[PDB]
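Residue numbers (the numbering used here), protein chains in the order written: chain Y, 12 to 254; chain L, 2 to 252. The beta-carbon is built from N, C-alpha and C at its ideal position, and this holds for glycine as well. One structure below.
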Ligand SMILES: NS(=O)(=O)c1c(F)c(F)c(S(=O)(=O)CCO)c(NC2CCCCCCC2)c1F
Ligand SMILES: NS(=O)(=O)c1c(F)c(F)c(S(=O)(=O)CCO)c(NC2CCCCCCC2)c1F
Ligand SMILES: [Zn+2]
Ligand SMILES: [Zn+2]
């Protein structure tokens, strides 16, 4: 990865191991505000297998704030997952890897283009939530997982009805960890604000199997275990929005 | 534009009418303690006497332009380069700091303005989150002549006229700031002059810097501004926090 892109050897990369006892509580971290996320069924959205993940392109109007006047627009979401019972979250908590992880990528409203934002502090912000195994089938996730067979081939795509993107995220928007790092694939650009929800979302075992067994990647590989190894904090302190 | 007279500042720049402006009144009881706020770190601030620097009466303040290689970090991965410093002050028996603490205005204030290392130019940084960072310290009266400040203040007579400048030897720029880099307030706000762009990270030191009565009088009584007015009381009114939470690096 450093071979094909030197930025991946920077000092301040993602993902990282979260250690809640070492997190710094700041009461200045207010609840996340996410407006415009309740999409109607039409227009439909592009869902695509890009060889690294499944990506869902989001329309204009999904507004997000990390604080007063620190506003963002959602661009896309994608997921990270494992294989055959083995977990594939990117972030870990006290060394525990979760079954999967959802990432919603946003662009700061101070930047008109993603390419201006790359490498600039706070230019990009990702909301990250862990996916765990639960007893019930998750309705929000089923809308996407049920469409994966259609895009099983690397590079294929389809159109899916609009859905409540906020329904894919955990219950409490006031409880999260936050630090600054990087994209977890090339170009590994730094200055990305990562916000990792404390609470998780639950999908059924079948849903998780569907996530990790349907899509194919580059060559004849299954699209599985699409997570980067944990990176050192190098002095960065993870903040927490709760004591 | 000028202090206490037209043109309103919104008519110069719409950003001067933003919700999240500086300076602010720091109420430390309402400050949020955050232990992620580590000691500030400065590199390259101890300058050789040559090349000289340019000290300028710009009509709104006295500024010292800083050379390239002055690096400042707010934390791991939060790196900045110093551009310049300037001052805010009052007048005979009247304080003129920009920031206040529980309504108290200090005699004067130093600001060292920095540019994030993600940006090559100021104009790309303006209005971007964390693009600009300012270090701010209050100036109070102490019993001794401050030798670092004397290097600048002894040259103000040469630049009494609006728009005049003079060359001064390099000095230890960090000697114009408090020795305590651990204890500070930090919030997001704006430039306090047009264009009043937001996204500026303000760091205000707990510890103050001491100047003599004579030095403080020299600072407020020597310079002339726009017209035939004395350059005095060159501070912007405090702006409402409007929901922002000031952070503190100590409980
Ligand atoms: N974990 S991540 O958020 O850093 C990440 C991925 F892991 C990832 F696989 C992708 S991907 O779907 O696009 C495939 C590899 O690029 C994006 N996508 C982009 C989101 C838009 C921001 C601009 C930078 C490119 C990343 C991406 F941002
Ligand atoms: N208080 S402040 O830090 O927001 C401020 C001033 F009050 C001030 F008076 C000046 S000045 O002396 O240079 C007068 C012109 O405004 C600057 N200076 C500039 C620093 C360069 C980077 C930001 C653009 C313009 C302000 C300045 F940044
Ligand atoms: Zn991702
Ligand atoms: Zn200033």
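Within the 9 angstroms Cβ cut-off, does residue i reach chain L?
{"i": "residue 201(Y)", "result": "yes"}
{"i": "residue 85(Y)", "result": "no"}
{"i": "residue 207(Y)", "result": "no"}
{"i": "residue 135(Y)", "result": "no"}
{"i": "residue 31(Y)", "result": "no"}
{"i": "residue 198(Y)", "result": "no"}
{"i": "residue 80(Y)", "result": "yes"}
{"i": "residue 168(Y)", "result": "no"}
{"i": "residue 142(Y)", "result": "no"}
{"i": "residue 191(Y)", "result": "yes"}
CA-CA distance, residue i and residue j?
{"i": "residue 102(Y)", "j": "residue 241(Y)", "result": "7 angstroms"}
{"i": "residue 201(Y)", "j": "residue 31(L)", "result": "33 angstroms"}
{"i": "residue 184(L)", "j": "residue 209(L)", "result": "11 angstroms"}
{"i": "residue 52(Y)", "j": "residue 170(Y)", "result": "11 angstroms"}
{"i": "residue 18(L)", "j": "residue 44(Y)", "result": "24 angstroms"}
{"i": "residue 135(Y)", "j": "residue 168(Y)", "result": "25 angstroms"}
{"i": "residue 8(L)", "j": "residue 14(L)", "result": "10 angstroms"}
{"i": "residue 90(Y)", "j": "residue 14(Y)", "result": "25 angstroms"}
{"i": "residue 180(Y)", "j": "residue 204(Y)", "result": "17 angstroms"}
{"i": "residue 212(L)", "j": "residue 176(L)", "result": "12 angstroms"}
{"i": "residue 245(L)", "j": "residue 181(L)", "result": "25 angstroms"}
{"i": "residue 140(L)", "j": "residue 109(Y)", "result": "53 angstroms"}
{"i": "residue 85(L)", "j": "residue 66(L)", "result": "4 angstroms"}
{"i": "residue 18(Y)", "j": "residue 103(L)", "result": "45 angstroms"}
{"i": "residue 175(Y)", "j": "residue 94(Y)", "result": "27 angstroms"}
{"i": "residue 56(L)", "j": "residue 69(L)", "result": "16 angstroms"}
{"i": "residue 222(Y)", "j": "residue 31(Y)", "result": "28 angstroms"}
{"i": "residue 6(L)", "j": "residue 228(L)", "result": "12 angstroms"}
{"i": "residue 49(Y)", "j": "residue 73(Y)", "result": "9 angstroms"}
{"i": "residue 131(L)", "j": "residue 129(Y)", "result": "14 angstroms"}
{"i": "residue 107(Y)", "j": "residue 142(L)", "result": "56 angstroms"}
{"i": "residue 162(Y)", "j": "residue 153(Y)", "result": "15 angstroms"}
{"i": "residue 165(Y)", "j": "residue 2(L)", "result": "60 angstroms"}
{"i": "residue 148(Y)", "j": "residue 205(L)", "result": "52 angstroms"}
{"i": "residue 65(Y)", "j": "residue 29(Y)", "result": "25 angstroms"}
{"i": "residue 60(L)", "j": "residue 148(L)", "result": "25 angstroms"}
{"i": "residue 92(Y)", "j": "residue 60(Y)", "result": "14 angstroms"}
{"i": "residue 73(L)", "j": "residue 45(L)", "result": "9 angstroms"}
Determine, using beta carbons only, whether residue i comes closer than 9 angstroms to chain Y.
{"i": "residue 1(L)", "result": "In the structure as shown, chain L starts at 2 and stops at 252, and residue 1(L) therefore has no counterpart that could be examined."}
{"i": "residue 117(L)", "result": "yes"}
{"i": "residue 251(L)", "result": "no"}
{"i": "residue 246(L)", "result": "yes"}
{"i": "residue 20(L)", "result": "yes"}
{"i": "residue 35(L)", "result": "yes"}
{"i": "residue 39(L)", "result": "yes"}
{"i": "residue 120(L)", "result": "yes"}
{"i": "residue 58(L)", "result": "no"}
{"i": "residue 243(L)", "result": "yes"}
Does the beta carbon of residue i sit closer than 9 angstroms to a beta carbon anywhere in chain A?
{"i": "residue 130(Y)", "result": "In the structure shown, chain A cannot be found, because the protein chains are Y and L."}
Check: Mind pulling the alpha helix (DSSP H) runs of 4 or more residues that sit fully within the region 187-240 of chain Y?
Finding: 216-224
Margin query: Please enumerate, following chain order, all residues with a beta carbon closer than 6 angstroms to at least one heavy atom belonging to ligand 3.
Written below: 89(Y), 91(Y), 114(Y) and 195(Y)
Next item on the list: Entirely within the region 6-73 of chain L and at least 3 residues each: give me those beta strand (DSSP E) ranges in chain order.
Entry: Given a length threshold of 3 residues, each whole run of the beta strand (DSSP E) inside the region 6-73 of chain L is given here in chain order: 42-44, 54-58 and 63-66.
Next item on the list: Just list the alpha helix (DSSP H) runs in the region 84-167 of chain L, keeping only unbroken ones of 4 residues or longer that don't cross its boundaries, in chain order.
Entry: 123-126 and 148-154
Notebook entry, point to check: Any chance the region 245-252 of chain L sits against the region 31-42 of chain L, with 3 or more Cβ pairs inside 8 angstroms?
Noted result: Verdict: yes, contact present.
Note to self: Three or more C-beta pairs under 8 angstroms: does that hold for the region 9-22 of chain L against the region 177-193 of chain L?
What the structure shows: yes
Margin query: Tell me whether the region 109-127 of chain Y and the region 76-84 of chain Y touch, counting them as touching only if at least three CB pairs, one residue from each stretch, are closer than 8 angstroms.
Written below: yes
Note to self: For the region 119-131 of chain L against the region 88-100 of chain L, do three or more pairs of beta-carbon atoms, one drawn from each stretch, fall closer than 8 angstroms, so that the two count as touching?
What the structure shows: Two segments are said to touch when three or more pairs of C-beta atoms, one from each, lie closer than 8 angstroms; by this definition the region 119-131 of chain L does not touch the region 88-100 of chain L.
Check: Okay, do the region 172-187 of chain L and the region 131-151 of chain L touch, 3+ Cβ pairs below 8 angstroms being the bar?
Finding: Taking one beta carbon from each stretch, the region 172-187 of chain L and the region 131-151 of chain L have 3 or more pairs nearer than 8 angstroms; the two touch.
Item checked: At least 3 beta-carbon pairs within less than 8 angstroms: the region 140-156 of chain L vs the region 157-165 of chain Y -> no
Checklist line | Inter-stretch contact at 8 angstroms, needing at least 3 Cβ pairs: the region 67-78 of chain L / the region 215-230 of chain L | finding: With the cut-off at 8 angstroms, the region 67-78 of chain L and the region 215-230 of chain L do not touch.
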